[PDB]
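Asker: Structure file final.csv (CSV, C-alpha atoms and all ligand atoms) right here:
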```
chain,number,residue,atom,x,y,z
A,1,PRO,CA,0.0,0.0,0.0
A,2,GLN,CA,2.9,2.3,-0.8
A,3,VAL,CA,2.6,5.5,-2.8
A,4,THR,CA,5.3,7.6,-4.4
A,5,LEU,CA,5.3,11.3,-4.9
A,6,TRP,CA,6.6,11.4,-8.5
A,7,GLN,CA,3.0,12.0,-9.4
A,8,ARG,CA,0.3,13.7,-7.3
A,9,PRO,CA,-1.1,11.3,-4.6
A,10,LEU,CA,-4.7,11.1,-5.7
A,11,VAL,CA,-7.2,8.6,-4.4
A,12,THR,CA,-10.8,7.8,-5.0
A,13,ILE,CA,-13.3,8.7,-2.3
A,14,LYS,CA,-16.9,7.9,-1.8
A,15,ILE,CA,-18.6,10.6,0.2
A,16,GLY,CA,-22.3,11.7,0.3
A,17,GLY,CA,-23.3,8.8,-2.0
A,18,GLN,CA,-21.1,10.2,-4.8
A,19,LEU,CA,-17.5,9.6,-6.0
A,20,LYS,CA,-14.6,12.1,-6.1
A,21,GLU,CA,-10.9,12.2,-6.7
A,22,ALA,CA,-8.9,13.8,-3.9
A,23,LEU,CA,-5.3,14.7,-3.0
A,24,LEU,CA,-3.6,13.1,0.1
A,25,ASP,CA,-2.2,16.2,1.8
A,26,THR,CA,0.1,15.6,4.7
A,27,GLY,CA,0.4,19.4,4.6
A,28,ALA,CA,-3.2,20.0,5.4
A,29,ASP,CA,-4.8,19.6,8.9
A,30,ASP,CA,-8.3,19.6,7.5
A,31,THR,CA,-10.1,17.7,4.7
A,32,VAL,CA,-11.7,20.1,2.2
A,33,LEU,CA,-13.8,19.3,-0.8
A,34,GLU,CA,-15.2,21.1,-3.9
A,35,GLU,CA,-18.8,22.4,-3.7
A,36,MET,CA,-20.8,19.2,-3.4
A,37,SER,CA,-24.2,18.0,-2.1
A,38,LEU,CA,-23.9,17.0,1.6
A,39,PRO,CA,-26.9,16.6,4.0
A,40,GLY,CA,-27.0,17.6,7.6
A,41,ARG,CA,-26.3,20.8,9.4
A,42,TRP,CA,-23.0,22.6,9.4
A,43,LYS,CA,-20.8,25.3,10.9
A,44,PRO,CA,-19.6,28.4,9.1
A,45,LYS,CA,-15.9,27.8,9.8
A,46,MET,CA,-13.2,29.6,7.8
A,47,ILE,CA,-10.0,27.9,6.5
A,48,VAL,CA,-6.6,29.5,5.7
A,49,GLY,CA,-3.6,28.7,3.6
A,50,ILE,CA,-1.3,30.3,1.1
A,51,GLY,CA,-2.6,32.9,-1.2
A,52,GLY,CA,-5.0,34.0,1.5
A,53,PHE,CA,-8.2,32.6,3.0
A,54,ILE,CA,-11.5,30.9,2.0
A,55,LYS,CA,-14.8,30.2,3.8
A,56,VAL,CA,-16.2,26.7,4.1
A,57,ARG,CA,-19.1,24.8,5.7
A,58,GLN,CA,-18.1,22.4,8.4
A,59,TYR,CA,-19.7,19.0,8.7
A,60,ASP,CA,-19.0,16.5,11.5
A,61,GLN,CA,-19.2,12.7,11.6
A,62,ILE,CA,-19.5,12.5,7.9
A,63,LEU,CA,-18.7,9.0,6.6
A,64,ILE,CA,-16.0,8.9,3.9
A,65,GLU,CA,-14.6,5.9,2.1
A,66,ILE,CA,-11.1,6.5,0.8
A,67,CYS,CA,-9.5,3.8,-1.4
A,68,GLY,CA,-11.9,1.4,0.2
A,69,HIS,CA,-11.2,2.2,3.9
A,70,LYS,CA,-14.0,3.7,5.9
A,71,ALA,CA,-13.5,6.8,8.1
A,72,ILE,CA,-15.7,9.2,10.0
A,73,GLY,CA,-14.8,12.8,10.9
A,74,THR,CA,-15.0,16.5,10.0
A,75,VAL,CA,-15.2,17.2,6.2
A,76,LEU,CA,-15.3,20.8,5.1
A,77,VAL,CA,-16.9,22.1,1.9
A,78,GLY,CA,-16.1,25.3,-0.1
A,79,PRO,CA,-14.4,26.6,-3.2
A,80,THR,CA,-11.2,24.4,-3.7
A,81,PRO,CA,-9.5,23.8,-7.0
A,82,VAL,CA,-8.7,20.5,-5.4
A,83,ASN,CA,-10.4,18.0,-3.2
A,84,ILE,CA,-8.0,17.5,-0.3
A,85,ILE,CA,-7.7,14.8,2.3
A,86,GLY,CA,-6.0,16.4,5.2
A,87,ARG,CA,-4.4,14.9,8.3
A,88,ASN,CA,-7.6,14.4,10.4
A,89,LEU,CA,-8.6,11.6,8.1
A,90,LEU,CA,-5.2,10.3,7.0
A,91,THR,CA,-4.3,9.5,10.6
A,92,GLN,CA,-7.5,7.5,10.8
A,93,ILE,CA,-7.3,5.4,7.7
A,94,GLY,CA,-3.7,4.7,8.9
A,95,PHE,CA,-1.5,6.8,6.6
A,96,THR,CA,2.2,6.9,7.4
A,97,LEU,CA,4.9,9.0,5.8
A,98,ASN,CA,8.1,6.9,5.4
A,99,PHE,CA,11.7,7.5,4.3
A,1001,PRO,CA,12.0,5.6,9.1
A,1002,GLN,CA,8.4,6.6,9.6
A,1003,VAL,CA,6.5,9.8,10.4
A,1004,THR,CA,3.0,9.8,11.8
A,1005,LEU,CA,0.4,12.4,10.8
A,1006,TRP,CA,-1.2,12.7,14.3
A,1007,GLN,CA,1.1,15.7,14.5
A,1008,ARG,CA,2.2,18.0,11.6
A,1009,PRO,CA,5.2,16.3,9.8
A,1010,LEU,CA,7.9,18.8,10.6
A,1011,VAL,CA,11.6,18.4,9.8
A,1012,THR,CA,14.6,20.6,10.3
A,1013,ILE,CA,16.2,21.5,7.0
A,1014,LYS,CA,19.6,23.1,6.3
A,1015,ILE,CA,19.6,25.5,3.4
A,1016,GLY,CA,22.0,28.4,2.6
A,1017,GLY,CA,23.9,27.7,5.7
A,1018,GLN,CA,20.8,28.3,7.8
A,1019,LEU,CA,18.6,26.0,9.9
A,1020,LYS,CA,14.9,26.0,9.5
A,1021,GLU,CA,11.8,24.0,10.4
A,1022,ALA,CA,9.7,22.9,7.5
A,1023,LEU,CA,6.5,21.0,6.7
A,1024,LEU,CA,6.5,17.7,4.8
A,1025,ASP,CA,3.7,18.4,2.3
A,1026,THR,CA,2.7,15.6,-0.2
A,1027,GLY,CA,0.0,18.1,-1.1
A,1028,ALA,CA,2.4,20.6,-2.6
A,1029,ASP,CA,4.2,20.2,-5.9
A,1030,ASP,CA,6.7,22.9,-5.1
A,1031,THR,CA,9.0,23.6,-2.1
A,1032,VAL,CA,8.3,27.1,-0.8
A,1033,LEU,CA,10.3,28.7,2.0
A,1034,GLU,CA,9.7,31.9,4.1
A,1035,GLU,CA,11.6,35.0,3.1
A,1036,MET,CA,15.3,34.5,3.8
A,1037,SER,CA,18.7,35.3,2.5
A,1038,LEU,CA,19.5,33.1,-0.5
A,1039,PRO,CA,22.5,33.8,-2.8
A,1040,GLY,CA,22.4,33.2,-6.5
A,1041,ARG,CA,19.9,34.0,-9.2
A,1042,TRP,CA,16.2,33.6,-9.6
A,1043,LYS,CA,13.2,34.2,-11.8
A,1044,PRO,CA,9.9,35.9,-10.8
A,1045,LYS,CA,7.5,32.9,-10.7
A,1046,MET,CA,3.9,33.3,-9.2
A,1047,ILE,CA,2.0,30.4,-7.5
A,1048,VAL,CA,-1.4,29.6,-6.0
A,1049,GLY,CA,-2.9,27.8,-3.0
A,1050,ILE,CA,-6.4,28.0,-1.4
A,1051,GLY,CA,-7.0,31.6,-0.4
A,1052,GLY,CA,-5.5,33.0,-3.6
A,1053,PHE,CA,-2.0,33.5,-5.1
A,1054,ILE,CA,1.4,34.7,-4.0
A,1055,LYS,CA,4.5,36.0,-5.7
A,1056,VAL,CA,7.8,34.2,-4.9
A,1057,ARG,CA,11.4,34.1,-6.1
A,1058,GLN,CA,12.3,30.9,-8.0
A,1059,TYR,CA,15.9,30.0,-7.2
A,1060,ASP,CA,17.0,26.8,-8.8
A,1061,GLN,CA,19.8,24.3,-8.1
A,1062,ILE,CA,19.5,25.3,-4.4
A,1063,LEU,CA,21.0,22.6,-2.1
A,1064,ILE,CA,19.1,21.3,1.0
A,1065,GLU,CA,19.8,18.9,3.8
A,1066,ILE,CA,16.5,17.6,5.1
A,1067,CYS,CA,16.6,15.4,8.2
A,1068,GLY,CA,20.1,14.4,7.2
A,1069,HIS,CA,20.0,13.7,3.5
A,1070,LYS,CA,21.0,15.9,0.6
A,1071,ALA,CA,19.1,17.0,-2.4
A,1072,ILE,CA,19.7,19.8,-4.9
A,1073,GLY,CA,16.7,21.2,-6.6
A,1074,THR,CA,14.4,24.2,-7.1
A,1075,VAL,CA,13.3,26.3,-4.1
A,1076,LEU,CA,10.9,29.2,-4.0
A,1077,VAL,CA,11.0,32.1,-1.5
A,1078,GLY,CA,8.1,34.2,-0.4
A,1079,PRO,CA,5.5,35.5,2.1
A,1080,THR,CA,4.4,32.0,3.1
A,1081,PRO,CA,3.7,31.6,6.9
A,1082,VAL,CA,5.1,28.0,6.8
A,1083,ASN,CA,8.1,26.5,5.1
A,1084,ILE,CA,6.9,23.8,2.7
A,1085,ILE,CA,8.9,20.8,1.5
A,1086,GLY,CA,7.0,19.9,-1.7
A,1087,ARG,CA,6.9,16.8,-3.8
A,1088,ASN,CA,9.9,17.8,-6.0
A,1089,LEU,CA,12.4,17.6,-3.1
A,1090,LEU,CA,10.4,14.9,-1.3
A,1091,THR,CA,10.9,12.5,-4.3
A,1092,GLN,CA,14.6,13.0,-4.1
A,1093,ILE,CA,14.8,11.9,-0.4
A,1094,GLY,CA,12.5,8.9,-0.9
A,1095,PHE,CA,9.5,9.8,1.2
A,1096,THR,CA,6.4,7.6,0.6
A,1097,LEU,CA,2.9,7.2,1.9
A,1098,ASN,CA,1.5,3.9,3.4
A,1099,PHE,CA,-1.7,2.5,4.8
A,1101,LIG,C1,2.8,25.1,-2.0
A,1101,LIG,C2,2.0,25.3,-3.3
A,1101,LIG,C3,2.9,24.9,-4.4
A,1101,LIG,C4,1.5,26.7,-3.4
A,1101,LIG,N1,0.8,24.4,-3.2
A,1101,LIG,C5,-0.1,24.5,-2.3
A,1101,LIG,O1,-0.2,25.3,-1.4
A,1101,LIG,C6,-1.3,23.5,-2.5
A,1101,LIG,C7,-2.3,24.1,-3.4
A,1101,LIG,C8,-3.3,23.0,-3.7
A,1101,LIG,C9,-4.4,23.6,-4.7
A,1101,LIG,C10,-5.4,24.5,-4.0
A,1101,LIG,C11,-6.0,23.8,-2.8
A,1101,LIG,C12,-4.9,23.4,-1.8
A,1101,LIG,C13,-3.9,22.4,-2.5
A,1101,LIG,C14,-2.8,22.0,-1.5
A,1101,LIG,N2,-1.9,23.1,-1.2
A,1101,LIG,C15,-0.9,22.6,-0.3
A,1101,LIG,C16,-1.5,22.3,1.1
A,1101,LIG,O2,-0.7,21.3,1.7
A,1101,LIG,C17,-1.5,23.6,1.9
A,1101,LIG,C18,-0.1,23.8,2.5
A,1101,LIG,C19,-0.1,25.0,3.5
A,1101,LIG,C20,0.2,24.7,4.8
A,1101,LIG,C21,0.2,25.8,5.7
A,1101,LIG,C22,-0.1,27.1,5.3
A,1101,LIG,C23,-0.4,27.3,4.0
A,1101,LIG,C24,-0.4,26.3,3.1
A,1101,LIG,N3,-2.4,23.4,3.1
A,1101,LIG,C25,-3.5,24.0,3.3
A,1101,LIG,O3,-4.0,24.8,2.6
A,1101,LIG,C26,-4.2,23.7,4.7
A,1101,LIG,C27,-5.7,23.9,4.6
A,1101,LIG,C28,-6.3,23.2,5.7
A,1101,LIG,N4,-5.6,22.1,6.1
A,1101,LIG,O4,-7.3,23.5,6.3
A,1101,LIG,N5,-3.7,24.6,5.7
A,1101,LIG,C29,-3.3,24.2,6.9
A,1101,LIG,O5,-3.4,23.1,7.2
A,1101,LIG,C30,-2.8,25.3,7.8
A,1101,LIG,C31,-2.1,24.9,8.9
A,1101,LIG,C32,-1.5,25.9,9.8
A,1101,LIG,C33,-1.6,27.2,9.4
A,1101,LIG,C34,-1.1,28.2,10.2
A,1101,LIG,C35,-1.2,29.6,9.9
A,1101,LIG,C36,-1.9,29.9,8.7
A,1101,LIG,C37,-2.4,28.9,7.9
A,1101,LIG,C38,-2.3,27.6,8.3
A,1101,LIG,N6,-2.8,26.6,7.5
```
Take the structure in the file and give it back as structure tokens.
Answerer:
Amino acid sequence: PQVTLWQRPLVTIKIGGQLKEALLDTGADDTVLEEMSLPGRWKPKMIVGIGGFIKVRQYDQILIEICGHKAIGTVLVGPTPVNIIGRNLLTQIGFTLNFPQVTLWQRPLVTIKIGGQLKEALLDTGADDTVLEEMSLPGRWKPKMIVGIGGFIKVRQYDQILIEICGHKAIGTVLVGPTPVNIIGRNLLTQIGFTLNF
């Protein structure tokens, strides 16, 4: 039941009698889905992430069947370009992040070394790119723009940047911006042999 990050980690979920594809996002606390038909009463919670914010309707004790494994918990519903399975449900259906093994009961944080500085970063199977907080980074970049849930943010795209994550090396592309969390995305994650399990 191993899954690599070379491609986006998508799974089939049965929720509300219907079928959707979703992303397994070790970088999200919460599970959020596109605008779909779910019965019951909800809570007007607001969710936050890069690019800004978005409002969603909170449901509790909703049943969801991910890759044919049942789980019950809080699903959230609002405008998301992607269906996302966050950590609340991953923990339950038993998902582990291996590379020895990181559980999702807490946020998967590692300490990385980049540009001679030490930082704490989030292991995010839900991100295709690696985005770091604003820091001093020598070299040359190009002015790429990127998007999350609450909108979009401008960031500097340095390439060939070297990083030591939890005691392994990887050279690759890093982005630097106004993000509140350091994100280790799937591009560097693939180079250090992280995988998902059941
Ligand atoms: C990094 C980048 C390349 C931009 N990709 C992404 O950001 C993609 C974009 C995708 C398409 C749109 C829908 C979201 C998905 C998943 N995201 C990654 C995805 O992993 C994103 C990573 C992240 C973490 C923390 C803060 C910001 C952003 N997580 C999230 O958006 C989830 C939403 C949720 N769980 O309710 N955010 C959080 O879990 C979360 C946790 C702590 C926080 C503290 C302060 C402020 C915000 C905080 N947000």
Asker: With the cut-off set at 7 Å and counting all atoms listed in the file, tabulate each residue of chain A with an atom at most that distance from an atom of ligand LIG 1101 (chain A), showing the nearest atom pair and its distance in Å to one decimal, ordered by chain and increasing number, as JSON lines.
Answerer:
```
{"residue": "A:25", "atom": "CA", "partner": "A:LIG1101", "partner_atom": "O2", "distance": 5.3}
{"residue": "A:26", "atom": "CA", "partner": "A:LIG1101", "partner_atom": "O2", "distance": 6.5}
{"residue": "A:27", "atom": "CA", "partner": "A:LIG1101", "partner_atom": "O2", "distance": 3.6}
{"residue": "A:28", "atom": "CA", "partner": "A:LIG1101", "partner_atom": "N4", "distance": 3.3}
{"residue": "A:29", "atom": "CA", "partner": "A:LIG1101", "partner_atom": "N4", "distance": 3.8}
{"residue": "A:30", "atom": "CA", "partner": "A:LIG1101", "partner_atom": "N4", "distance": 3.9}
{"residue": "A:31", "atom": "CA", "partner": "A:LIG1101", "partner_atom": "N4", "distance": 6.4}
{"residue": "A:32", "atom": "CA", "partner": "A:LIG1101", "partner_atom": "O4", "distance": 6.9}
{"residue": "A:47", "atom": "CA", "partner": "A:LIG1101", "partner_atom": "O4", "distance": 5.2}
{"residue": "A:48", "atom": "CA", "partner": "A:LIG1101", "partner_atom": "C37", "distance": 4.8}
{"residue": "A:49", "atom": "CA", "partner": "A:LIG1101", "partner_atom": "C23", "distance": 3.5}
{"residue": "A:50", "atom": "CA", "partner": "A:LIG1101", "partner_atom": "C23", "distance": 4.3}
{"residue": "A:80", "atom": "CA", "partner": "A:LIG1101", "partner_atom": "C11", "distance": 5.3}
{"residue": "A:81", "atom": "CA", "partner": "A:LIG1101", "partner_atom": "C10", "distance": 5.1}
{"residue": "A:82", "atom": "CA", "partner": "A:LIG1101", "partner_atom": "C11", "distance": 5.0}
{"residue": "A:84", "atom": "CA", "partner": "A:LIG1101", "partner_atom": "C13", "distance": 6.8}
{"residue": "A:86", "atom": "CA", "partner": "A:LIG1101", "partner_atom": "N4", "distance": 5.8}
{"residue": "A:1025", "atom": "CA", "partner": "A:LIG1101", "partner_atom": "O2", "distance": 5.3}
{"residue": "A:1026", "atom": "CA", "partner": "A:LIG1101", "partner_atom": "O2", "distance": 6.9}
{"residue": "A:1027", "atom": "CA", "partner": "A:LIG1101", "partner_atom": "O2", "distance": 4.3}
{"residue": "A:1028", "atom": "CA", "partner": "A:LIG1101", "partner_atom": "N1", "distance": 4.2}
{"residue": "A:1029", "atom": "CA", "partner": "A:LIG1101", "partner_atom": "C3", "distance": 5.1}
{"residue": "A:1030", "atom": "CA", "partner": "A:LIG1101", "partner_atom": "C3", "distance": 4.4}
{"residue": "A:1031", "atom": "CA", "partner": "A:LIG1101", "partner_atom": "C1", "distance": 6.4}
{"residue": "A:1032", "atom": "CA", "partner": "A:LIG1101", "partner_atom": "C1", "distance": 6.0}
{"residue": "A:1047", "atom": "CA", "partner": "A:LIG1101", "partner_atom": "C4", "distance": 5.5}
{"residue": "A:1048", "atom": "CA", "partner": "A:LIG1101", "partner_atom": "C4", "distance": 4.9}
{"residue": "A:1049", "atom": "CA", "partner": "A:LIG1101", "partner_atom": "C7", "distance": 3.8}
{"residue": "A:1050", "atom": "CA", "partner": "A:LIG1101", "partner_atom": "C11", "distance": 4.4}
{"residue": "A:1080", "atom": "CA", "partner": "A:LIG1101", "partner_atom": "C23", "distance": 6.8}
{"residue": "A:1081", "atom": "CA", "partner": "A:LIG1101", "partner_atom": "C35", "distance": 6.1}
{"residue": "A:1082", "atom": "CA", "partner": "A:LIG1101", "partner_atom": "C21", "distance": 5.5}
{"residue": "A:1084", "atom": "CA", "partner": "A:LIG1101", "partner_atom": "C1", "distance": 6.4}
{"residue": "A:1086", "atom": "CA", "partner": "A:LIG1101", "partner_atom": "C1", "distance": 6.7}
```
Asker: What separation in Å, quoted to one decimal, exists between atom CA of residue A:1016 and atom CA of residue A:1056?
Answerer: 17.1 Å
Asker: Can you pull out the residues contacting residue A:1014? Cut-off 9 Å, using only C-alpha atoms, and skip same-chain residues under 6 positions away; I want them as a list in words.
Answerer: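 The residues that qualify are residues 1020, 1021, 1063, 1064, 1065, 1066, 1067 and 1068 of chain A.
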Asker: Suppose we keep C-alpha atoms; can you now write the selection as a short mmCIF file (atom, residue, chain, number, x, y, z; two decimals), in the frame of the given file?
Answerer:
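The resulting file, again_15.cif, is shown below:
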```cif
data_model
loop_
_atom_site.label_atom_id
_atom_site.label_comp_id
_atom_site.auth_asym_id
_atom_site.auth_seq_id
_atom_site.Cartn_x
_atom_site.Cartn_y
_atom_site.Cartn_z
CA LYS A 1020 14.90 26.00 9.50
CA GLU A 1021 11.80 24.00 10.40
CA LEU A 1063 21.00 22.60 -2.10
CA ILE A 1064 19.10 21.30 1.00
CA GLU A 1065 19.80 18.90 3.80
CA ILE A 1066 16.50 17.60 5.10
CA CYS A 1067 16.60 15.40 8.20
CA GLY A 1068 20.10 14.40 7.20
#
```
Asker: One number please: atom CA of residue A:1074 to atom CA of residue A:1010, in Å, one decimal.
Answerer: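 Atom CA of residue A:1010 lies 19.6 Å from atom CA of residue A:1074.
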Asker: Rank nothing, just name the residue among A:1009, A:44, A:1040, A:1017 nearest to residue A:1095, using only C-alpha atoms.
Answerer: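 Of A:1009, A:44, A:1040, A:1017, the one nearest residue A:1095, counting only C-alpha atoms, is A:1009.
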Asker: For the point (-4.5, 0.8, 11.0) in file coordinates, what residues are within 12 Å, counting only C-alpha atoms? Give the answer as a list in words?
Answerer: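 Here the neighbourhood of the point contains residues 1, 69, 70, 71, 89, 90, 91, 92, 93, 94, 95, 96, 1004, 1098 and 1099 of chain A.
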Asker: Please identify all polymer residues lying at most 10 Å from the point (-27.2, 16.8, 6.2) (file coordinates), using all atoms listed in the file, and present the result as a list in words.
Answerer: residues 16, 37, 38, 39, 40, 41, 42, 59, 60 and 62 of chain A
Asker: Which residue, A:97, A:77, A:1072, A:1023, has the smallest gap to residue A:43 when you use all atoms listed in the file?
Answerer: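 The answer is A:77, which sits nearest to residue A:43.
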Asker: Residues within 8 Å of residue A:1096, please, as JSON, numbers by chain. Count all atoms listed in the file; anything in the same chain fewer than 2 positions from it doesn't count.
Answerer: {"A": [2, 3, 4, 5, 97, 98, 99, 1094, 1098]}
Asker: Pick from A:54, A:1071, A:13, A:67: nearest to residue A:1052, with all atoms listed in the file counted?
Answerer: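 Of A:54, A:1071, A:13, A:67, the one nearest residue A:1052, counting all atoms listed in the file, is A:54.
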Asker: Kindly give the distance, in Å, that separates atom CA of residue A:1018 and atom CA of residue A:1005, rounded to a single decimal.
Answerer: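 Atom-to-atom, atom CA of residue A:1018 to atom CA of residue A:1005, that is 26.0 Å.
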Asker: Some atoms are absent from stretch 1012-1030 of chain A, so rebuild N, CA, C and O atoms and return them as a PDB file, in the frame of the given file.
Answerer:
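So the final result, stored in rebuild-v3.pdb, reads:
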```pdb
ATOM      1  N   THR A1012      13.679  19.498  10.366  1.00  0.00           N
ATOM      2  CA  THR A1012      14.600  20.600  10.300  1.00  0.00           C
ATOM      3  C   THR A1012      15.482  20.493   9.096  1.00  0.00           C
ATOM      4  O   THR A1012      16.175  19.487   8.919  1.00  0.00           O
ATOM      5  N   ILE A1013      15.434  21.498   8.226  1.00  0.00           N
ATOM      6  CA  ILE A1013      16.200  21.500   7.000  1.00  0.00           C
ATOM      7  C   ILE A1013      17.411  22.453   7.105  1.00  0.00           C
ATOM      8  O   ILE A1013      17.331  23.470   7.794  1.00  0.00           O
ATOM      9  N   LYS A1014      18.498  22.142   6.408  1.00  0.00           N
ATOM     10  CA  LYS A1014      19.600  23.100   6.300  1.00  0.00           C
ATOM     11  C   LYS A1014      19.726  23.601   4.858  1.00  0.00           C
ATOM     12  O   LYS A1014      20.002  22.846   3.926  1.00  0.00           O
ATOM     13  N   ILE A1015      19.531  24.901   4.699  1.00  0.00           N
ATOM     14  CA  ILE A1015      19.600  25.500   3.400  1.00  0.00           C
ATOM     15  C   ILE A1015      20.213  26.918   3.453  1.00  0.00           C
ATOM     16  O   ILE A1015      19.828  27.768   4.254  1.00  0.00           O
ATOM     17  N   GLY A1016      21.217  27.134   2.606  1.00  0.00           N
ATOM     18  CA  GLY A1016      22.000  28.400   2.600  1.00  0.00           C
ATOM     19  C   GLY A1016      22.672  28.641   3.900  1.00  0.00           C
ATOM     20  O   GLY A1016      22.693  29.767   4.407  1.00  0.00           O
ATOM     21  N   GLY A1017      23.248  27.586   4.464  1.00  0.00           N
ATOM     22  CA  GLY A1017      23.900  27.700   5.700  1.00  0.00           C
ATOM     23  C   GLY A1017      23.035  28.081   6.905  1.00  0.00           C
ATOM     24  O   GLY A1017      23.547  28.381   7.978  1.00  0.00           O
ATOM     25  N   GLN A1018      21.715  28.078   6.710  1.00  0.00           N
ATOM     26  CA  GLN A1018      20.800  28.300   7.800  1.00  0.00           C
ATOM     27  C   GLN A1018      19.890  27.125   8.153  1.00  0.00           C
ATOM     28  O   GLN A1018      19.565  26.305   7.297  1.00  0.00           O
ATOM     29  N   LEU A1019      19.491  27.050   9.419  1.00  0.00           N
ATOM     30  CA  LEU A1019      18.600  26.000   9.900  1.00  0.00           C
ATOM     31  C   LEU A1019      17.200  26.450  10.003  1.00  0.00           C
ATOM     32  O   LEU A1019      16.924  27.508  10.573  1.00  0.00           O
ATOM     33  N   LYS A1020      16.279  25.664   9.456  1.00  0.00           N
ATOM     34  CA  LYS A1020      14.900  26.000   9.500  1.00  0.00           C
ATOM     35  C   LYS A1020      13.991  24.814   9.851  1.00  0.00           C
ATOM     36  O   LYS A1020      14.436  23.673   9.779  1.00  0.00           O
ATOM     37  N   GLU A1021      12.754  25.070  10.259  1.00  0.00           N
ATOM     38  CA  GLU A1021      11.800  24.000  10.400  1.00  0.00           C
ATOM     39  C   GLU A1021      10.749  24.051   9.313  1.00  0.00           C
ATOM     40  O   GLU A1021      10.204  25.115   9.021  1.00  0.00           O
ATOM     41  N   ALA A1022      10.490  22.912   8.689  1.00  0.00           N
ATOM     42  CA  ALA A1022       9.700  22.900   7.500  1.00  0.00           C
ATOM     43  C   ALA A1022       8.606  21.779   7.536  1.00  0.00           C
ATOM     44  O   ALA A1022       8.743  20.787   8.256  1.00  0.00           O
ATOM     45  N   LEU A1023       7.555  21.954   6.749  1.00  0.00           N
ATOM     46  CA  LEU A1023       6.500  21.000   6.700  1.00  0.00           C
ATOM     47  C   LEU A1023       6.568  20.025   5.555  1.00  0.00           C
ATOM     48  O   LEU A1023       6.684  20.431   4.402  1.00  0.00           O
ATOM     49  N   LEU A1024       6.537  18.731   5.850  1.00  0.00           N
ATOM     50  CA  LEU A1024       6.500  17.700   4.800  1.00  0.00           C
ATOM     51  C   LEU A1024       5.096  17.704   4.149  1.00  0.00           C
ATOM     52  O   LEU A1024       4.110  17.318   4.780  1.00  0.00           O
ATOM     53  N   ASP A1025       5.017  18.112   2.890  1.00  0.00           N
ATOM     54  CA  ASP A1025       3.700  18.400   2.300  1.00  0.00           C
ATOM     55  C   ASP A1025       3.584  17.601   0.951  1.00  0.00           C
ATOM     56  O   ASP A1025       4.015  18.066  -0.099  1.00  0.00           O
ATOM     57  N   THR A1026       2.980  16.416   1.024  1.00  0.00           N
ATOM     58  CA  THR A1026       2.700  15.600  -0.200  1.00  0.00           C
ATOM     59  C   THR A1026       1.628  16.347  -0.999  1.00  0.00           C
ATOM     60  O   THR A1026       1.394  15.982  -2.141  1.00  0.00           O
ATOM     61  N   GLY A1027       1.010  17.373  -0.415  1.00  0.00           N
ATOM     62  CA  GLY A1027       0.000  18.100  -1.100  1.00  0.00           C
ATOM     63  C   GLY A1027       0.444  19.308  -1.886  1.00  0.00           C
ATOM     64  O   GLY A1027      -0.345  19.984  -2.551  1.00  0.00           O
ATOM     65  N   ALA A1028       1.756  19.547  -1.835  1.00  0.00           N
ATOM     66  CA  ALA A1028       2.400  20.600  -2.600  1.00  0.00           C
ATOM     67  C   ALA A1028       3.346  20.060  -3.613  1.00  0.00           C
ATOM     68  O   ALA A1028       4.109  19.138  -3.331  1.00  0.00           O
ATOM     69  N   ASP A1029       3.291  20.619  -4.813  1.00  0.00           N
ATOM     70  CA  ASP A1029       4.200  20.200  -5.900  1.00  0.00           C
ATOM     71  C   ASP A1029       5.511  20.887  -5.831  1.00  0.00           C
ATOM     72  O   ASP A1029       6.504  20.379  -6.355  1.00  0.00           O
ATOM     73  N   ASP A1030       5.528  22.056  -5.188  1.00  0.00           N
ATOM     74  CA  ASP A1030       6.700  22.900  -5.100  1.00  0.00           C
ATOM     75  C   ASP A1030       7.183  23.004  -3.615  1.00  0.00           C
ATOM     76  O   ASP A1030       6.418  22.792  -2.675  1.00  0.00           O
TER      77      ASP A1030
END
```
